[PDB]
Amino acid sequence: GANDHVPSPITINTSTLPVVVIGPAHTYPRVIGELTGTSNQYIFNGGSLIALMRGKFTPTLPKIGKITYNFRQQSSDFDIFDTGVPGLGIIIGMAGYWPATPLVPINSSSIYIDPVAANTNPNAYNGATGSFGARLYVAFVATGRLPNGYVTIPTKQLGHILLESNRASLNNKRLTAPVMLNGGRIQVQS
Amino acid sequence: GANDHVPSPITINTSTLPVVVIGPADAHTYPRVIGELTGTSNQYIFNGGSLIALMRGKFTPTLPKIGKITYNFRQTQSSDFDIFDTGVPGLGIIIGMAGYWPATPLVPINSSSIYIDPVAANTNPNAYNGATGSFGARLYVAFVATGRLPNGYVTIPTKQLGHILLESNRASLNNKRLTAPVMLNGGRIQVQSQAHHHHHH
């Protein structure tokens, strides 16, 4: 009865990074700025279907380090992921779409981003809904000396969100959505 | 320095199924193909940007498997196909996929996962296509009566048939595990019995 829908990406924009001003420089790793957090209410759209859902994020970029950080948008440990731009990494946080759900640091091979209880209780799902969404947070990290100037950051897939459900027919679809870092130009100066 | 791109779906339309007229010759024969959808294609399922790399695509169906049928797609020999449950009782579908370019064969979907291009990868795990900047495919679907059919004006919901996984000899690309959905666009099908009349004089 219910229509399937192509899962929709959730994306965050490099263009929102402030100008990176390297002050007096040699501390590595360090966060050099946060992107403006984004959200997508309708990553997965179940149509007329009403079911208990949860989302599991798996990062797909190479891990190159770890850093402790407290996003402005207690601290957590974050895995640093390789952007393909030398000297530059990123750290990732994700949360449920609605407020009152916590920012989940990406520091494991996979993690449930909503409900976070599913990480310790395999039977935990959200209340029945017709859709599943999320919030996305990213910060840029200097892993070493940075290229100065107007540096092109490529669009990168950060990972996938897998939709799971207590209902077998929905769980077995293994619906997945890409989590994207939209590329752009950053400005780096001393 | 190449940009990643959101994988694009490859889709096929329920609306292209002809009207299903059940004739007495195969009315009670199950399973049987009741019609083919118009085949579709997408050259740019995966878009590597400026990257040039050796690629291949592995399809995994995600609908329930409910049977097997031997069939020769009209679009030289028959093949065995797994029948997948559409969620509409009595109606299943079979799937074939191929490389985007001609000269690559139709690959029947009859395994948990299968390489659709190059088909050589099903017998040689080190086989990839020639280097390209993109990967695409062709999609074929037929509807199957698995039992007594619902007659009338029947709604077929949009269904995801499975995923295509992009693999590569280049580790950085292979580890992205880029996946694209393979979609059956829903629609309404018409199912009726062959006409008949009686004498009135």
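Taken together, the values in this text are just the output of simple stated rules run on the coordinates, not laboratory data. Reconstructed Cβ throughout: ideal geometry from the backbone, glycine too, with neighbour counts over all protein chains shown.
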Being assigned to a strand (DSSP E or B) and more than 19 Å from the chain's Cα centre (by Cα) is the filter here; which residues of segment A:39-51 pass it? A:45, A:51
Which of (1) in a strand (DSSP E or B); (2) more than 17 Å from residue A:39 (Cβ to Cβ) is the odd one out, the single condition residue A:179 does not satisfy? (2)
Do we have residue B:160 as touching a strand residue (DSSP E or B) at 6+ places or on another chain (Cβ under 9 Å) and more than 20 Å from residue B:112 (Cα to Cα) here? no
Inside segment B:14-33, the number of residues satisfying the requirement of being under 15 Å from the mean Cα position of the chain (by Cα) and part of a strand (DSSP E or B) is 1
Looking for whichever is in a loop (DSSP other than H, G, I, E, B) and β-branched (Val, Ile, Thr) here; the options are A:58, A:68, A:11, A:36. Which one fits? A:36
Lone unmet requirement of (1) part of a strand (DSSP E or B); (2) farther than 30 Å from residue B:19 by Cβ; (3) more than 16 Å from the chain's Cα centre (by Cα) for residue B:129: (1)
Of the numbered conditions (1) part of a loop (DSSP other than H, G, I, E, B); (2) more than 14 Å from every other protein chain (Cβ to nearest Cβ), residue A:84 satisfies every one except a single condition; which is it? (2)
Hey, residue B:105 away from every other protein chain (no Cβ under 12 Å) and either surrounded by 16 or more Cβ atoms within 10 Å (Cβ to Cβ) or under 14 Å from the mean Cα position of the chain (by Cα) (or both) or not: yes
State yes or no: is residue B:180 within 10 Å of another protein chain (Cβ to nearest Cβ), of a type outside the set (D, E, K, R), within 21 Å of the chain's Cα centre (by Cα) and buried (at least 17 other Cβ atoms within 10 Å of the Cβ)? yes
Given the conditions (1) surrounded by fewer than 17 Cβ atoms within 10 Å (Cβ to Cβ); (2) of a type in the set (A, V, I, L, M); (3) in contact with a helix residue (DSSP H, G or I) (Cβ under 8 Å, 6 or more places away or on another chain), which single one is not true for residue A:128? (3)
Options B:193, B:168, B:172; residue that is buried (at least 21 other Cβ atoms within 10 Å of the Cβ), of a type in the set (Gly, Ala, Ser) and on the phi < 0 side of the Ramachandran plot: B:168
Any residue in segment B:114-130 that's under 18 Å from residue B:60 (Cβ atoms): show its pairings with residues that are assigned to a loop (DSSP other than H, G, I, E, B) and of a type in the set (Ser, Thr, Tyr) at Cβ separation under 8 Å, as long as the two are six or more apart or on different chains. B:117/B:100; B:117/B:104; B:118/B:104; B:118/B:128; B:119/B:104; B:121/B:128
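For (1) on the phi > 0 side of the Ramachandran plot; (2) surrounded by 18 or more Cβ atoms within 10 Å (Cβ to Cβ), each residue gets a yes or a no:
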{"site": "B:20", "(1), (2)": "no, yes"}
{"site": "B:65", "(1), (2)": "no, no"}
{"site": "B:69", "(1), (2)": "no, yes"}
{"site": "B:86", "(1), (2)": "no, yes"}
{"site": "B:90", "(1), (2)": "yes, no"}
Against the conditions (1) away from chain B (no Cβ under 14 Å); (2) over 18 Å from the mean Cα position of the chain (by Cα); (3) among the small types (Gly, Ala, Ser), where does residue A:168 fall short? Just the number, please. (1)
If you go through segment B:144-165, how many residues are over 16 Å from the mean Cα position of the chain (by Cα) and not polar (S, T, N, Q)? 8
In segment B:183-196, anything within 10 Å of chain A (Cβ to nearest Cβ) and not hydrophobic (A, V, I, L, M, F, W, C) is listed as B:185, B:186
Taking segment B:22-59 and keeping only residues that are in contact with a helix residue (DSSP H, G or I) (Cβ under 6 Å, 6 or more places away or on another chain) and surrounded by 15 or more Cβ atoms within 10 Å (Cβ to Cβ), one is left with B:37, B:53, B:56
Starting from residues that are outside any loop (DSSP other than H, G, I, E, B) and surrounded by 21 or more Cβ atoms within 10 Å (Cβ to Cβ), keep the ones in segment A:143-156 and report whichever is farthest from the other protein chains (Cβ to nearest Cβ). A:153
In segment A:163-190, how many residues are in contact with a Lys or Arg (Cβ under 7 Å, 6 or more places away or on another chain) and within 15 Å of residue A:112 (Cα to Cα)? 1
